[PDB]
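Engineer: Mind having a look at this structure? Questions to follow.
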Amino acid sequence: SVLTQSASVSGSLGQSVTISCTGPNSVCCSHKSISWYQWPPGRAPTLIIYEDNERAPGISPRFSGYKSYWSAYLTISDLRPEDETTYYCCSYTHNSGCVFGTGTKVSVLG
Amino acid sequence: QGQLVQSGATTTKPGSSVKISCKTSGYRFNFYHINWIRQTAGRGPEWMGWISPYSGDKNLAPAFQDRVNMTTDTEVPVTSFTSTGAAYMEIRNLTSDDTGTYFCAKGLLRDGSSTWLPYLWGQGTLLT
Amino acid sequence: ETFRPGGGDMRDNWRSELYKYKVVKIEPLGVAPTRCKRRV
Amino acid sequence: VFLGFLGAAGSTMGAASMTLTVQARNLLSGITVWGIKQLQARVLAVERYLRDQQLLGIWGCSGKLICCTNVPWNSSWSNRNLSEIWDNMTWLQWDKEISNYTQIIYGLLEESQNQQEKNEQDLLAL
Amino acid sequence: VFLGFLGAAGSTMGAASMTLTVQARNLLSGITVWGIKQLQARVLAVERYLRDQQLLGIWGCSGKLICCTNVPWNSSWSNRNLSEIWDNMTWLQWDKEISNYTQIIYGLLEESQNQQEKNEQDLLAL
Amino acid sequence: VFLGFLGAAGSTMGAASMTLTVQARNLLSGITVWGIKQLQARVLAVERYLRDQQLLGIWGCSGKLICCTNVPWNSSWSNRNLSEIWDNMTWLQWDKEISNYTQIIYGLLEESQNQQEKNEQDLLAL
Ligand SMILES: *[C@@H]1O[C@H](CO)[C@@H](O[C@@H]2O[C@H](CO)[C@@H](O[C@@H]3O[C@H](CO[C@H]4O[C@H](CO)[C@@H](O)[C@H](O[C@H]5O[C@H](CO)[C@@H](O)[C@H](O)[C@@H]5O)[C@@H]4O)[C@@H](O)[C@H](O[C@H]4O[C@H](CO)[C@@H](O)[C@H](O)[C@@H]4O)[C@@H]3O)[C@H](O)[C@H]2NC(C)=O)[C@H](O)[C@H]1NC(C)=O
Ligand SMILES: *[C@@H]1O[C@H](CO)[C@@H](O)[C@H](O)[C@H]1NC(C)=O
Ligand SMILES: *[C@@H]1O[C@H](CO)[C@@H](O)[C@H](O)[C@H]1NC(C)=O
Ligand SMILES: *[C@@H]1O[C@H](CO)[C@@H](O)[C@H](O)[C@H]1NC(C)=O
Ligand SMILES: *[C@@H]1O[C@H](CO)[C@@H](O)[C@H](O)[C@H]1NC(C)=O
Ligand SMILES: *[C@@H]1O[C@H](CO)[C@@H](O)[C@H](O)[C@H]1NC(C)=O
Ligand SMILES: *[C@@H]1O[C@H](CO)[C@@H](O)[C@H](O)[C@H]1NC(C)=O
Ligand SMILES: *[C@@H]1O[C@H](CO)[C@@H](O)[C@H](O)[C@H]1NC(C)=O
Ligand SMILES: *[C@@H]1O[C@H](CO)[C@@H](O)[C@H](O)[C@H]1NC(C)=O
Ligand SMILES: *[C@@H]1O[C@H](CO)[C@@H](O)[C@H](O)[C@H]1NC(C)=O
Ligand SMILES: *[C@@H]1O[C@H](CO)[C@@H](O)[C@H](O)[C@H]1NC(C)=O
């Protein structure tokens, strides 16, 4: 919706990608946390990264986060083959809900 | 670290209401919120709302407040730190625009700034 | 299925009132980590 | 709020860590059959208390309720993040997950104190 | 001078506050009828001592004889000037005038310690 | 090395001063005939321990194993050089050579603490 992501980006094995996540001042970013979700097509998602740069349990140290005053970034260091899916970002605070993003499909064809 | 199994693919038609179940296990059900999230065809994913099984309190987006029935049972304790819960979801004015996969999601923590964050999900239910 | 009264083992009597109770031992020492270290 | 004795038993470790003096008060006072059975209890209560005060004394934490040390947290003991311990788990859950390694830590907290004051005796040797 | 045990019992609170280790020594040692009556006394003496050492431990005064705190003196407890307390009244008179409010102060001296080290755990969290 | 309880009993005072927490652990726990004889022992063990912890508390050494003080070493007690004490004599030999003067030192370690905090109460009187 208002949280415009990075449309779509491609990659290659061993390299690192970057997904954008930015919106207007009403949802992003310095006064809101950002969460990143690996979401297979209409299946069971996975919380990767919460409270800007904090990683969920079991998340490989490849995924790193970074939130600026204007846009939040999700890096995927060292692309492994099992990475092709759609990544969503959500803006939230402590007593609110998830303002999901527009999605970004990542390809690893190499 | 438990499962959140849901109901089946109950495909109805506009006008009616649909009740979707969410039976928990493996974790203390009253310690984490149950978020409801949907990914329909026509939009992306949309956050519907979460409900606190302990406080009985409900918070849901204004896009679904006048549509969603969100209730919960009371856990049947299994062990000291385990239980089995049940969360129910309904929608009022149902259309073809609400066709999509629906999931429940246990909250992340019991305190802090990411308490209700949808962390542990179910498997999905295909609507109309 | 037929049921007949009886008893004798007098601990059944005390058990009918001590079912609500249970003895526990407090162990107040807990070790847990944080980003805290003492000075020099 | 004032939950009372063991009130935060089901609360997170971060919430319960603020209500320590509640359980600290009732650890020594309270919240001819049984004259020898009562005296047998009034002696046991002191011995259990002095053991816990003995370990606090040989760790440098004598008089402390929250005491920071020098032993770094071995991830082998529990590879859990900080925000998934104090804002999620209860102190009863934690004591189970650290049941085995609890004896290893008590020794590390000792020599880290005897070497510390041995360094301080040299710090004041001038 | 060396007045002895309770020697400054009739002296001003300022004079007696310098002779504290005198009464501190004889609080735990001293200045089959009675085999069970003697053992009943050797247990009571330790329990009374450990209670007083328990309160000193949860106030941050463990090991202190004169211990300064954070609780400001409520004038409702006693609206007496400083020079009309330590250079006029005796410690026996003072314990009577503060008999009621003595329990209020013991609680204030506790949370002022648990919040203090909770602030210190954050002071060393960097 | 780990010599064990009293392991460095024949070692120099400098070597044994590093193995203090070894003997500190087993001072309170351990390395109807005897029901009243056992209880008679479980009370004596606590009283001997609380006396040693009482002296440490009135010397300012509560919680310390190696504790530096203010009392200067009177050469009349022992006119031995520093390197002929810690690198030559054993703690058993030392306790004999200082057997007489041991009671004098315990009093000097007391008023040097009560005057110290009396000076600190004035240090914070502003
Ligand atoms: C027993 O176990 C249960 C379940 O584990 C514990 O309940 C959980 O407690 C934690 C903290 O105590 C809760 O986290 C907090 O969540 C609030 C969000 O609440 C706000 O929004 C709600 C929806 O709009 C609303 O209900 C709240 O309004 C009040 O009124 C309701 C009436 O229904 C009342 O029940 C509520 O309790 C509210 O008082 C409220 O507006 C969130 O705001 C908190 O974040 C703030 O605080 C933290 C620090 O505490 C801080 O880090 C943040 O930055 C922010 O400042 C906080 O996260 C959690 O929601 C509860 N429920 C769960 C986990 O399901 C219960 O506490 C345990 N009790 C004991 C005694 O052990
Ligand atoms: C749905 O919510 C309404 C709100 O008024 C409540 O009355 C009703 O009980 C809920 N549904 C069921 C089946 O209980
Ligand atoms: C962790 O503990 C093991 C033994 O349990 C030890 O061998 C290892 O060195 C420790 N690691 C750290 C980083 O302390
Ligand atoms: C979070 O905890 C994990 C242990 O499960 C650790 O590997 C990781 O480095 C921690 N991250 C932060 C930001 O503390
Ligand atoms: C402690 O040791 C036992 C040995 O039977 C083992 O089963 C248990 O898993 C250990 N504890 C933890 C937390 O791993
Ligand atoms: C004094 O004590 C009363 C209660 O006894 C309390 O209400 C008041 O706030 C206190 N005043 C000060 C200045 O501490
Ligand atoms: C003296 O004590 C009284 C209380 O009786 C107080 O009101 C006054 O301010 C004090 N004056 C000085 C100078 O301390
Ligand atoms: C303590 O309370 C009693 C209640 O009977 C009262 O008479 C007495 O005056 C109080 N103490 C003081 C110092 O006022
Ligand atoms: C040594 O002790 C004696 C009494 O035993 C005392 O008179 C003398 O002043 C002391 N000397 C020093 C230097 O402390
Ligand atoms: C060595 O000890 C003796 C006491 O026997 C003392 O007189 C002398 O000053 C000491 N010398 C040094 C260098 O410490
Ligand atoms: C202690 O006093 C006795 C008195 O009989 C004396 O023989 C002994 O030499 C004294 N101790 C020392 C170390 O001089």
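Chains as they are written, first to last, in the entry's author numbering: chain E, 2 to 9, 11 to 27, 27A to 27C, 28 to 95, 95A, 96 to 106, 106A, 107; chain D, 1 to 52, 52A, 53 to 72, 72A to 72H, 73 to 82, 82A to 82C, 83 to 100, 100A to 100F, 101 to 110; chain G, 466 to 505; chain B, 518 to 548, 569 to 663; chain B', 518 to 548, 569 to 663; chain B'', 518 to 548, 569 to 663. A prime marks a further copy of an entry chain.
In this text, a Cβ means the ideal position worked out from N, Cα and C, and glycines have one as well.
1. Going by DSSP in three states, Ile573(B') sits in which element: helix, strand or coil?
2. Check whether the Cβ of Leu483(G) lies closer than 7 Å to any Cβ atom in chain B.
3. What number of angstroms, rounded off, separates the C-alpha of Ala525(B) from the C-alpha of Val488(G)?
4. Which residues neighbour ligand 7 when neighbourhood means a C-beta less than 5 Å away from any of its non-hydrogen atoms? List them by chain order.
5. What is the DSSP secondary structure of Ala60(D), counted as helix, strand or coil?
6. Give a yes or no on whether the C-beta atoms belonging to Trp631(B) and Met530(B) are separated by under 7 Å.
7. Around ligand 9, what residues have a beta-carbon under 6 Å from a heavy atom of it, in chain order?
8. What is the DSSP secondary structure of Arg588(B'), counted as helix, strand or coil?
9. My output table needs one value for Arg43(D): the three-state DSSP class, helix, strand or coil.
10. Any idea which residues DSSP pairs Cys22(D) with across the strands?
11. What do you reckon, is the C-beta of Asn68(D) under 6 Å from a heavy atom of ligand 2?
12. Using DSSP with H/G/I as helix, E/B as strand and the rest coil, what is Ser100B(D)?
13. Could you pull out every residue in the same chain whose Cβ sits closer than 7 Å to the Cβ of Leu59(D), ignoring the five residues on either side in sequence?
14. So, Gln658(B') versus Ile642(B), is the Cβ gap smaller than 7 Å?
15. Bridge partners for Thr20(E) per DSSP, in chain order?
16. Helix, strand or coil for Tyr32(D) per DSSP?
17. Going by the DSSP bridge assignment, what does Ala93(D) pair with across the sheet?
18. Identify the continuous beta strand (DSSP E) that holds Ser90(E) and give its terminal residues.
19. Is the region 622-639 of chain B in contact with the region 590-597 of chain B'', if contact means three or more CB pairs nearer than 8 Å?
20. Strictly by DSSP, which residues pair up with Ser34(E)?
21. Reducing DSSP to helix, strand and coil, say where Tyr638(B'') ends up.
22. Can you tell me which of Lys633(B'), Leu581(B') and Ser599(B') puts its alpha carbon nearest to the alpha carbon of residue 490(B')?
23. Examine chain B' for any beta-carbon lying closer than 7 Å to the beta-carbon of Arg500(G), and answer yes or no.
24. Determine the direct distance from the alpha carbon of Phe522(B) to that of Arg579(B'), and round the result to whole angstroms.
25. To which residues of the same chain is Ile548(B'') closer than 7 Å at the C-beta, ignoring the five residues directly before and after it?
26. If contact is defined by three or more beta carbon pairs under 8 Å, each pair taking one atom from either stretch, is the region 42-52 of chain E in contact with the region 61-81 of chain E?
27. Give me the Cβ distance between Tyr586(B'') and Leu544(B''), rounded to the nearest whole Å; I'm assuming they're in contact under 8 Å.
28. Any idea if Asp624(B) is buried or exposed, counting beta-carbon neighbours within 10 angstroms, 16 or more meaning buried?
29. Could you check where the alpha helix (DSSP H) with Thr45(E) kicks off and where it finishes?
30. Looking at chain B, which residues of the region 487-498 of chain G have a Cβ within less than 8 Å of any of its Cβ atoms?
31. Residues of chain D with CB under 9 Å from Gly95A(E), in chain order?
32. Taking 7 Å as the threshold (beta carbon to beta carbon), is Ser84(D) in contact with chain E?
33. If you drop the 5 nearest sequence neighbours on each side, which residues of the same chain put their C-beta closer than 7 Å to that of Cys598(B)?
34. Along the chain, where does the beta strand (DSSP E) that runs through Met69(D) open and close?
35. Can the beta-carbon of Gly95(D) be found less than 7 Å from the beta-carbon of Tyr27(D)?
36. Quick one, which residues of the region 613-628 of chain B are near chain E if we go by CB-CB under 8 Å, in chain order?
Structural biologist: Working from what's here:
1. As a working note, residue 573(B') is residue 36 in the fifth sequence. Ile573(B'): helix per DSSP, three-state reduction.
2. In the third sequence, residue 483(G) corresponds to position 18, counting from 1. So, not an interface residue.
3. One-based indexing of the fourth sequence puts residue 525(B) at position 8. One-based indexing of the third sequence puts residue 488(G) at position 23. Across the structure, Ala525(B) and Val488(G) are spaced so that their CA atoms are roughly 19 Å apart.
4. Put simply, the residues with a CB less than 5 Å from any heavy atom of ligand 7 are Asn616(B') and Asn618(B'), in chain order.
5. Here the question's residue 60(D) lines up with position 61 in the second sequence. Correct three-state label for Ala60(D): coil.
6. Locating residue 631(B) in the fourth sequence gives position 94, where the first residue counts as 1. Locating residue 530(B) in the fourth sequence gives position 13, where the first residue counts as 1. Yes, Cβ-Cβ distance for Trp631(B) and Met530(B) is below 7 Å.
7. By the rule of a C-beta closer than 6 Å to any heavy atom of ligand 9, the residues picked out are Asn611(B'') and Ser613(B'').
8. The sequence position of residue 588(B') within the fifth sequence is 51, counting from 1. Helix at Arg588(B').
9. If you number the second sequence from 1, residue 43(D) lands on position 43. Strand.
10. Along the second sequence, read from residue 1 onward, the residue named residue 22(D) stands at position 22. According to DSSP, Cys22(D) bridges with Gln6(D) and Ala78(D).
11. Here residue 68(D) is taken as the residue at index 69 of the second sequence, counted from 1. Under cutoff, so the answer is yes.
12. Here the question's residue 100B(D) lines up with position 114 in the second sequence. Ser100B(D) falls in the coil class under three-state DSSP.
13. Translated into positions along the second sequence, residue 59(D) becomes position 60. The beta carbon of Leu59(D) is closer than 7 Å to those of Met48, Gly49, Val67 and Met69 in its chain, skipping five residues each way along the sequence.
14. Working through the fifth sequence from its first residue, we reach residue 658(B') at position 121. Working through the fourth sequence from its first residue, we reach residue 642(B) at position 105. Cβ distance not < 7 Å, so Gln658(B') and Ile642(B) don't count as in contact.
15. Sequence index remark: in the first sequence, residue 20(E) carries index 18 (1-based). DSSP lists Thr74(E) as the bridge partner or partners of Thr20(E).
16. As a first step, residue 32(D) is located in the second sequence; it is residue number 32 there, counting from the start. For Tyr32(D), the secondary structure class from DSSP, reduced to helix, strand or coil, is coil.
17. For the purposes of this step, residue 93(D) is taken as residue 105 along the second sequence, with counting starting at 1. Beta-bridge partners assigned by DSSP to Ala93(D): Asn35(D) and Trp103(D).
18. As a working mapping, residue 90(E) is identified with position 91 in the first sequence. Run containing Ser90(E): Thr84 to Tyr91, per the beta strand (DSSP E) assignment.
19. No, the region 622-639 of chain B does not touch the region 590-597 of chain B''.
20. Numbered from 1 along the first sequence, position 35 holds the residue referred to as residue 34(E). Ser34(E) has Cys89(E) as its beta-bridge partners, per DSSP.
21. Here residue 638(B'') refers to the residue found at position 101 of the sixth sequence. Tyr638(B'') falls in the coil class under three-state DSSP.
22. As displayed, chain B' neither begins before 518 nor continues past 663, which places residue 490(B') out of reach and without an answer.
23. Stepping through the third sequence from its first residue, residue 500(G) is reached at position 35. Chain B' contact via Cβ: present.
24. Translated into positions along the fifth sequence, residue 579(B') becomes position 42. Translated into positions along the fourth sequence, residue 522(B) becomes position 5. In this structure, the straight-line span from the alpha carbon of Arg579(B') to that of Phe522(B) is close to 29 Å.
25. On the sixth sequence, position 31 is the one that residue 548(B'') refers to. Around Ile548(B''): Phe522.
26. Segments in contact, yes.
27. Within the sixth sequence, residue 586(B'') is the residue found at index 49, counting from 1. Within the sixth sequence, residue 544(B'') is the residue found at index 27, counting from 1. Contact holds; Cβ gap of about 6 Å.
28. Position 87 of the fourth sequence, counted from the first residue, corresponds to residue 624(B). With 16 or more Cβ atoms within 10 Å of its Cβ, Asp624(B) is classed as buried.
29. Locating residue 45(E) in the first sequence gives position 46, where the first residue counts as 1. Note, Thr45(E): premise wrong, no alpha helix (DSSP H); beta strand (DSSP E) at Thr45 to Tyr49.
30. Result list: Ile491, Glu492, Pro493, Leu494, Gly495, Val496, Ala497 and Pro498.
31. Counting from 1 along the first sequence, the entry for residue 95A(E) is found at position 97. For the C-beta of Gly95A(E), the chain D residues within less than 9 Å are, from N- to C-terminus, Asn35, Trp47, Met48, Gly49, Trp50, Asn58, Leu59, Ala60 and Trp100D.
32. The count along the second sequence starts at 1 and reaches residue 84(D) at position 96. Taking Cβ atoms only, chain E never reaches closer than 7 Å to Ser84(D), which makes this a no.
33. By 1-based counting over the fourth sequence, the position of residue 598(B) is 61. In its chain, beyond the 5 residues on either side, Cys604 have a beta carbon closer than 7 Å to the beta carbon of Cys598(B).
34. The sequence position of residue 69(D) within the second sequence is 70, counting from 1. Unbroken beta strand (DSSP E) run through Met69(D): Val67 to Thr71.
35. Residue numbering aside, residue 95(D) sits at position 107 when the second sequence is read from its first letter. Residue numbering aside, residue 27(D) sits at position 27 when the second sequence is read from its first letter. The answer is no: Cβ separation not under 7 Å.
36. Against chain E - using a Cβ distance shorter than 8 Å - the residues of the region 613-628 of chain B are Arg617, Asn618, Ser620 and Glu621.
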